[PDB]
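**Student:** coords please:
(chains A and B, ligands or ions: 2)
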Amino acid sequence: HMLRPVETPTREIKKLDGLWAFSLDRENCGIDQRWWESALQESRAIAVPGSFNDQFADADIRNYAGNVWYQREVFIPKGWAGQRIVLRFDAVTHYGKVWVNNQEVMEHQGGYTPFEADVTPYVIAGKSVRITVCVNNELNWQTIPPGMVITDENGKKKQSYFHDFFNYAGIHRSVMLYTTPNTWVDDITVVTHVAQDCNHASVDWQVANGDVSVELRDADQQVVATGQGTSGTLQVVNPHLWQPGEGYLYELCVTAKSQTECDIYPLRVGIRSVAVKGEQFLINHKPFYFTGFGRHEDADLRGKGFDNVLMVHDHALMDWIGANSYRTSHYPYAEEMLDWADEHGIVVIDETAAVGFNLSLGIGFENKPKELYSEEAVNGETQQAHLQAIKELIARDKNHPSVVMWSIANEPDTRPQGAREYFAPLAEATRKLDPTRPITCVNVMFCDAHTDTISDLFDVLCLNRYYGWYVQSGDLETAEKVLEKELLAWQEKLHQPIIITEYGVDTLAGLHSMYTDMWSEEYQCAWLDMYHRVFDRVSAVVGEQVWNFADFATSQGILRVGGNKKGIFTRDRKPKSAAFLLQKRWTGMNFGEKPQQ
Amino acid sequence: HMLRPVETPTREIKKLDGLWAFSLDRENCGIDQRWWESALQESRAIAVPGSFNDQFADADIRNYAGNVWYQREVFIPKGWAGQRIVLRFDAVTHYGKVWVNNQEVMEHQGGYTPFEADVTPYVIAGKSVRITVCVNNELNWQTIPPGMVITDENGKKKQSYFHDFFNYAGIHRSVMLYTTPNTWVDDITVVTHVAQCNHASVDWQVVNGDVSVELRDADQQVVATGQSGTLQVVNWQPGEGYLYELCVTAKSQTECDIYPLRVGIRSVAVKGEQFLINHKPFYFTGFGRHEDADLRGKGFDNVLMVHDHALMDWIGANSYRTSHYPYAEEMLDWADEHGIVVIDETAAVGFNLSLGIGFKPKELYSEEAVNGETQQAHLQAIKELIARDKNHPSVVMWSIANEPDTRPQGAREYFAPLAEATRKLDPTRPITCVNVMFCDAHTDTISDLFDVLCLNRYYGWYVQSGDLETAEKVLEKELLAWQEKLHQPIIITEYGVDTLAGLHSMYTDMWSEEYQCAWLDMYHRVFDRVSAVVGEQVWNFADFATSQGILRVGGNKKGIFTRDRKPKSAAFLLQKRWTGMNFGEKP
Ligand SMILES: CCCCCC[C@@H]1NC[C@@H](O)[C@H](O)[C@H]1C(=O)O
Ligand SMILES: CCCCCC[C@@H]1NC[C@@H](O)[C@H](O)[C@H]1C(=O)O
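**Tutor:** Numbering: from 1, shown residues only, chains lettered A, B, ... in the order given. Ligands and ions are numbered 1, 2, ... in the order given. See below for the structure:
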């Protein structure tokens, strides 16, 4: 049971603020020598939140595999003698184990979701405790995402993985201590139903030794509904709906009264209905059309570290270009992202970190498990770890009205028997963990309409298609034919709504061509344009998401010229020519509505 | 009187949690309608700290001149009923006025220094107060740095100024709320002396409480102790940078307050052709810098500081100049705490009307331009810099201004009071004023009111363009001319050439990486031949944003690094020189 921290009977002191002591451990003696005991040797200042790889311009820190130590002292605020205090890590990429002054208090696997522990017994209010963090950036076959650690003859660990983006690690987001009353709200769940768009209710179901009443206050803070019951309610309402263009928010505030002290938790709600009918995706009983991007949490110097200016600027760009939706590509994003999405009515495809369950999308000319689904590779523990990743993503983003669909994985290889054996239970478990949202699994190119094995276990079909790029390279005529043929094949086979969640081409900013050859800005424009002409001719396609909003870092190889260049913007957010192409189509269309051509 | 908040009896909650409501005021009715009354509407989220220009990819926000509105609520923590609580803005670039629920708690002019006010009478602990800030980015002749606003025919403002870097504005740094005990230290002053194995550290810990001071070590084990005033003997170097800690106890019987403040034991002084740190002949190596970065403008960011310091350490720089304004206080904590030599400078740039582009007041020193009010604001800006960076050991010299025009009559009236007054505002640090190329040896009027004079020279770039043999001859002859003409130590605070990353040439044509390399090598060979100059700082460390014009290809491109911090070929050239010399000792 987890909620995002906020105010009044609750209060934060964040240690996000500032520089920590940081150290490597090339021989992994930190645990043996109990480094959490003393203040570190060999410590250098590092900034949190932020990846550790790019911060020191050193290829050895950058390419490190192992454990790293983050440590900082802090003064525990003194008006906190009688309240309950928690230590919350909003993300520690891959694995983290924390000591609060010689006392292990938490441990976590999963680099993208928050994890907290009550630390009341282990701290002296009014004085300073020392926080030590042990961070592991290693991936094996039971981590979400999977990878393999390669140890050379000399014990240097080098991490290989099967996804594009670079394996940035560290404390990527918020680290804070926050206090709730000893009687406190611990979890909230809100569900919205709507009929003729002027007439429904907000079911609730709450959970910590406190009798609870909930007021549903206005944007004007005018109250229009009231309930009581730990097992919640159905507050019935005639309302203004949370819509894609505007995203209205009521405020449902839950009051947890114990007979002495009280706690109250403010939770914003968007009144909207999501469903799939035939080949139509409907938000509030109207067929929506998705436009926008796959994104990444990547940026210069800070890696995957959260940054407010970046969020403000990237939403300004996305707003300008006319995007209405995005997918949290290949891991759960910072919650600040989803909060922004709620206030602005941005439609979001929420996705777990389950990427790389595929051993066919390689560079060439170089020792893998020859069976993807097996005891050596993706096995039962992997499945359990995956289900737990689904449970953490859902427990954190269930109430967000902007999250409109759950993505279980991205681009697994579905051809082997055992893909369906691995995925079907996860598809079912996910539906039972949130029956109010449709479910998806993003589908790779070579698992075509004929060969794919699991897409009928999901509500929406999300395709990643690169005809004319990785195959039929340079050939816009042939690729157009292939793309039309496979889209009609998919619509014939499943009669589900189709979103093209990935389509894009590597483009060097400033490379121009009078031909329309690959890597050129002219080719990025003509290729996106040919895709758009096809989408507009297939009734089932309800959504387009250009593969990347910006250029991002990847591991080194012959396929990646300083990373992935499929961005519409450069890594410093400057637009390639295709940006204006996109802006013309996406602002020239009626909002949320499929282009009539 | 100023110092940075810390936490043992005092406590901060920073409102730097960035997202504030933000709005323009294009018809300038915000003050009239008292927008601080209600929450701003027609408001959009903005990140604090950070400049407001570049955050929104909007050219109308970017080039705006006027007032902008920043607003955020905060819940004042309830364990704060009896202490004194202050609202601290570490910097609001150019002008700021704060309302804490209607009570206009402050004002500040001067965009690079902090300003704080006690807000206890106007705050109820346990609930949220509404914070409204009005920041103005406009410049006149009475501002630091100076500028002129011209209004076109339709009431549209265009802000013109005379310094290179772009006029970024907004809440550039920390906004923190911090609570002290009701008898509290308000200021600290420390001075260190050292002889040629032993010496003393004066203090003056201006507070309502008796004073006791502990000098704890890095072990925080005691080495001297006192009880306003001291002078203590003992029994901080560039490569290493040690720091002791004096802890101040303001002892009262009603309540107690304590302040921890770091100190560096080192001595700086000049004569002959030598600048000596702890009685040792220094050589400055390093950079002119800027607080500039993508999307955030001049906004402070910790990752940027960690990365840029990794870069300067790798390349072999031991020093930098806080070019054209006072930097982040955290900059100087890093420099003290890492032993970086810092030439500290105020925001006195653009006092010159002579090298703009081609294609205005007709005398610079007069009431129309540089007037008496300008004298006041300049003196006050010098004094705010002095009050905030007085205790920092890394500061090794103070820069009163950068690149004024000294040729018009009257420069010496404006300047003499500021040099006398500033020397009188700290005799423990030497003073300089950076002078432009065209005020050469024969022409310059004021180089003798300062302890060291710092030259910005660009021969072979703006003059003798491409002519590197001829430029060599000029640089050598006027360098020797300066050495004979004042026999002061000389630091070269600026030398660099615009270099487009990826432009390469089999000739050595301007704007090319080969040209930057060849030009820097020729300059370096030139200095190796003048006993007098004790400091080299390549002009800019990274490419930075400027206002638009035919001289600036998407900004200034003189950086050794690009704006995304990638090295040009010259970066390695510099590394070879600065790694190949013995530390602090020039060939
Ligand atoms: C032949 C199949 C090619 C799949 C390649 C498409 C990949 N999908 C996942 C994304 O994270 C990658 O960046 C994308 C790519 O490589 O740019
Ligand atoms: C004839 C030109 C005289 C030198 C003027 C050179 C200028 N000095 C001041 C710095 O702020 C500028 O960045 C520098 C430049 O080039 O960008």
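**Student:** Just confirm yes or no for stretch A:442-454 near ligand 1.
**Tutor:** Yes. Under the criterion of C-beta under 6 Å from any ligand atom, stretch A:442-454 makes contact with ligand 1 via A:444, A:445, A:446. Just so you know, the C-beta spots here come from the backbone N, C-alpha and C atoms, and that holds for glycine as well.
**Student:** neighbours of the closest residue in space to the first one that isn't next to it in sequence, just the number please.
**Tutor:** With C-beta to C-beta, 6 or more residues apart in numbering or on different chains as the criterion, residue A:444 has its nearest non-adjacent residue at 3.8 Å, and that residue is residue A:411. Neighbours of residue A:411 under the rule other C-beta atoms under 10 Å in any protein chain shown: 27.
**Student:** Show me where the stretch 201-350 of chain A has its helices.
**Tutor:** In order along the chain, the stretch 201-350 of chain A carries the following helices (DSSP state H, counting those that start in this stretch): A:308-321, A:335-344.
**Student:** now swap in the stretch 51-200 of chain A and tell me
**Tutor:** So, for the stretch 51-200 of chain A - with DSSP H, counting those that start in this stretch - the helices run A:59-62.
**Student:** Identify the residue of it closest to ligand 1, quick one.
**Tutor:** residue A:164 (3.6 Å; C-beta to the nearest ligand atom).
**Student:** Give me the distance between whichever residue of the stretch 1-150 of chain A sits closest to chain B and residue B:11.
**Tutor:** As assessed by C-beta to the nearest C-beta, chain B sits closest to residue A:79 within the stretch 1-150 of chain A, at 1.3 Å. Separation of residue A:79 from residue B:11 (C-beta to C-beta, to the nearest Å): 9 Å.
**Student:** contacting residues around the residue of the stretch 51-200 of chain A found nearest ligand 2?
**Tutor:** Nearest to ligand 2, among the residues of the stretch 51-200 of chain A, is residue A:57, at 24.3 Å (C-beta to the nearest ligand atom). Residues near residue A:57 by C-beta atoms under 8 Å, 6 or more residues apart in numbering or on different chains: B:307, B:310, B:311, B:314, B:565.
**Student:** For the residue lying closest to residue A:265 once chain neighbours are set aside, give its distance to chain B.
**Tutor:** Nearest residue to residue A:265, sequence neighbours excluded (C-beta to C-beta, 6+ apart): residue A:185, at 4.0 Å. Distance of residue A:185 to chain B, given as C-beta to the nearest C-beta, to the nearest Å: 17 Å.
**Student:** and what of residue A:219?
**Tutor:** From residue A:219 to chain B the distance is 12 Å (C-beta to the nearest C-beta).
**Student:** Do I have it right that residue A:569 meets residue A:317?
**Tutor:** Yes. The criterion here is C-beta atoms under 8 Å, and residue A:569 meets it with residue A:317 at 6.5 Å.
**Student:** what touches both of the two?
**Tutor:** Shared contacts of residue A:569 and residue A:317 (C-beta under 8 Å, 6+ apart): A:549, A:575.
**Student:** For the stretch 401-550 of chain A, what lies in contact range of ligand 1?
**Tutor:** Within reach of ligand 1 by C-beta under 6 Å from any ligand atom, the stretch 401-550 of chain A has these residues: A:411, A:444, A:445, A:446, A:464, A:466, A:470, A:502.
**Student:** Remind me which helix or strand the closest residue in space to the fifth one that isn't next to it in sequence belongs to.
**Tutor:** For residue A:464, ignoring the flanking residues on the chain, the nearest one in space by C-beta to C-beta, 6+ apart is residue A:502 at 3.4 Å. Counting by DSSP states H and E, the element that carries residue A:502 is strand A:498-503.
**Student:** Could I have the CA atoms of that strand written out in PDB?
**Tutor:** These are the backbone C-alpha positions of strand A:498-503, laid out as PDB (Å, rounded to 0.1, in the frame of the first residue of the first chain):
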ATOM      1  CA  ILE A 498      -4.400  -0.700 -33.500                       C
ATOM      2  CA  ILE A 499      -2.000   1.900 -32.200                       C
ATOM      3  CA  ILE A 500       1.300   2.200 -34.000                       C
ATOM      4  CA  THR A 501       3.300   2.800 -30.800                       C
ATOM      5  CA  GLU A 502       6.600   3.000 -32.700                       C
ATOM      6  CA  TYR A 503       7.500   4.300 -36.100                       C
END
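**Student:** Just the residues contacting whichever helix or strand comes after it, thanks.
**Tutor:** Proceeding C-terminally, strand A:498-503 gives way to helix A:521-535 as the next helix or strand, assigned by DSSP H and E. The contact list for helix A:521-535 (C-beta under 8 Å, 6+ apart) reads A:465, A:468-469, A:474, A:476, A:479-480, A:483-484, A:487, A:500, A:503-505, A:507-517, A:541, A:544, A:546, A:576-578, A:581-582, A:585, A:595, A:597.
**Student:** Any of those residues buried? List them.
**Tutor:** Buried by 16 or more other C-beta atoms under 10 Å in any protein chain shown: A:465, A:468-469, A:476, A:479-480, A:483-484, A:487, A:500, A:503-505, A:507-509, A:511, A:541, A:544, A:546, A:576-578, A:581-582, A:585, A:595, out of the contacts of helix A:521-535.
**Student:** Those in strands, which ones?
**Tutor:** A:500, A:503, A:541, A:544, A:546 (DSSP state E).
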